[PDB]
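The basis for the numbers below is simple: all heavy atoms, side chains too, and nothing from hydrogens, waters or symmetry mates. In the text below, chain A, chain B and the rest are named by the order of the sequence lines, each starting its count at 1.
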Amino acid sequence: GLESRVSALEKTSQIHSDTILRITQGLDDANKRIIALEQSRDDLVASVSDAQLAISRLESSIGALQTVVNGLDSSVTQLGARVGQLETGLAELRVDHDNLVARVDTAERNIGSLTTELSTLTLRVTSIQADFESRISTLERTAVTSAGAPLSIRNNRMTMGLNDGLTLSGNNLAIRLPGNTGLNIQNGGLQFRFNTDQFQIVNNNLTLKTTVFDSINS
Amino acid sequence: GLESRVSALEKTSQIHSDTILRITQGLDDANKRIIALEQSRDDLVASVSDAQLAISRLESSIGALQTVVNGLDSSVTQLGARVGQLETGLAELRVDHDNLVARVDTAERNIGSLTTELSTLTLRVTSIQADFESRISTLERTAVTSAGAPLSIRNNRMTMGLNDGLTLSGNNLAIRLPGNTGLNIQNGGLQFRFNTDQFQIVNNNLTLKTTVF
Amino acid sequence: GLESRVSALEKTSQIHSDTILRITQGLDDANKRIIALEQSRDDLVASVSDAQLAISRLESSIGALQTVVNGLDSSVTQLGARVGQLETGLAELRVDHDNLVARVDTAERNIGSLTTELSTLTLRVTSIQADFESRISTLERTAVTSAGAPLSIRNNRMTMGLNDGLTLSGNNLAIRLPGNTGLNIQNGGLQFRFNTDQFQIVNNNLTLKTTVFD
């Protein structure tokens, strides 16, 4: 009856008491685990906040590096064009210098050639001047350029003027003896001629012979 | 009395059972949600640790790359100075070459004139030598340089030496006949003169005239 | 007895009601804190995921930049080698040009000395030509190169041909009178001689003296 209803309550009350104590232990365990979770949350928020700032710094550093590198790339491209032209320019100036060196090599050979050719010609002029000076001089000292009477010169020709009594016989000067007056060229020269029965020569004087008048005296 | 007290206890006891069951249900659900949070927490810790390590590596590699980019920047600057010096040096040498070319241009033009003027002078010396050689030798072959007696040369003048018997009549050679000895220049030359009543000529001999009785 | 048991149950029933309410308050506190942790967890997942995505992007950028930088380093090295070859080349051309400048410096001095020597010789040749021309043509105009008889030239020597009657007394032209014929060179020239007791000269005529007949 009423004792049965009380006994049933006491039975349930003991179960309620045991279950309440178990729920309390479980709720205490859940609370501790929540605190540990809130601590982990705070640690994670701080680590993530630090990681986010570090990432932002890395993005600034990388972005600044990319621009510096981009600049370096253009400068290297400009220097590559400048070295390329410098190698072309130096190759051209070397070809131009070598072509000029060949021209100087030819000019040095032509200068040396003119030096000996002029030396030969200067020596030749000295040789001709000396030989001709000596030859002209010999002629000037020894050639006949004037003459005294009976000789005369007209246009490089010398002639001899002769008066009557002197003439040319063959190629020679001779004594002219016209007619017959007792003069003759004989016995190597000029001789006088006389009748040898009438005349004689005594002391180189014409003399009448001693016997001339013998026929008259007889 | 007790029936009402027990009845009240029974009513509260039934409410307690129902609330206890709902609380157990709630605690069970809270426990399941705590487990999921602990697992999520473990996964976050692992991923944050991995993120920190990766950041640390990015910091190291950016730093090393900055050092290399700094070294590259200085090299590009040093090369830029060297290139500009080479560009000036080549432009200076091209000017110095072009000026020396102009000096060779005149030298080549001066050699060409010297070669021409020497060639004309050589032909002139040959021309002068041949003309004078012929003229001198003609004079050396034909000119009178000596003479035999009665001719003599003194200071380029030729004279004729004359003995008594030969003289000048004007500028002509003549026979000298001093005084009157019967010799005379007449009838075109030398003749002997005699009295024509006392002498005659027979075979070019002076003869006494026959009519002298 | 039974009333003592009822009173024991009532006391326990009130303790149960009070603890149930405290557990209800505790469980409610737990649920609020769980909801907040779940939302914080969702935000952390989103923020960690954003950070992981940002990290992988930086890793790609660093990898790509390192590639470019190594290429640039390779490019600067080759350039530095070309620059060094250009420097040794320009220094070689400068030496070669300055050695040619010295060769042109001596060649110009040689050309100048050769212009002087050729100019001096040209004037000298003209002087020799003018002096010799005058002297030669003076000899050509005045020198004796031919002679009329009795003068004759043989090998630049002039002689005079003489017939009998003409000879030489030393270097002088003389009349030759062989033997004793009455002719003699006396009183400055040619005279005829005669016996002055038998002959006389009257009007330059040989005459017999009157005394010869007596």
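Applying the side-chain hydrogen bond (donor to acceptor under 3.5 Å, both in side chains) rule to C:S40 yields no partners; only residues at least two apart in sequence or on another chain are considered. Residues forming a side-chain contact (heavy atoms from CB on, under 4.5 Å) with C:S49 (at least two apart in sequence, or on another chain): C:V45, C:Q52. Applying the side-chain contact (heavy atoms from CB on, under 4.5 Å) test to B:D131 and every residue at least two apart in sequence or in another chain returns B:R135, C:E133. When the side-chain contact (heavy atoms from CB on, under 4.5 Å) test is applied to C:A54, the partners found at least two apart in sequence or on another chain are A:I55, A:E59, C:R57. Checked against salt bridge (charged side-chain N to carboxylate O under 4.0 Å, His left out), B:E38 has the following partners two or more places apart in sequence or in another chain: A:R33. Residues satisfying the side-chain hydrogen bond (donor to acceptor under 3.5 Å, both in side chains) test with B:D29, not counting sequence neighbours, are B:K32. Residues forming a side-chain contact (heavy atoms from CB on, under 4.5 Å) with A:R22 (at least two apart in sequence, or on another chain): A:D18. A search for side-chain hydrogen bond (donor to acceptor under 3.5 Å, both in side chains) contacts involving C:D42 returns nothing, not counting sequence neighbours. Take A:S47 and apply the side-chain hydrogen bond (donor to acceptor under 3.5 Å, both in side chains) test, not counting sequence neighbours, and it matches no residue.
Between B:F132 and A:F132, the ring planes lie perpendicular to each other; the angle is over 60°, past the 30° to 60° tilted range.
Few gaps surround CD on B:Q25; more than 12 heavy atoms of other groups in view lie less than 6.0 Å from it.
With hydrogens and angles left out, the side-chain atoms of C:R124 and A:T126 include a donor and acceptor closer than 3.5 Å.
At least one side-chain heavy atom of B:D105 sits less than 4.5 Å from a side-chain heavy atom of B:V101. At a threshold of 4.5 Å between non-hydrogen side-chain atoms, the residues B:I20 and C:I20 count as touching. Annotation: side chain of A:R41 is not in contact with side chain of C:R41 (no heavy-atom distance under 4.5 Å).
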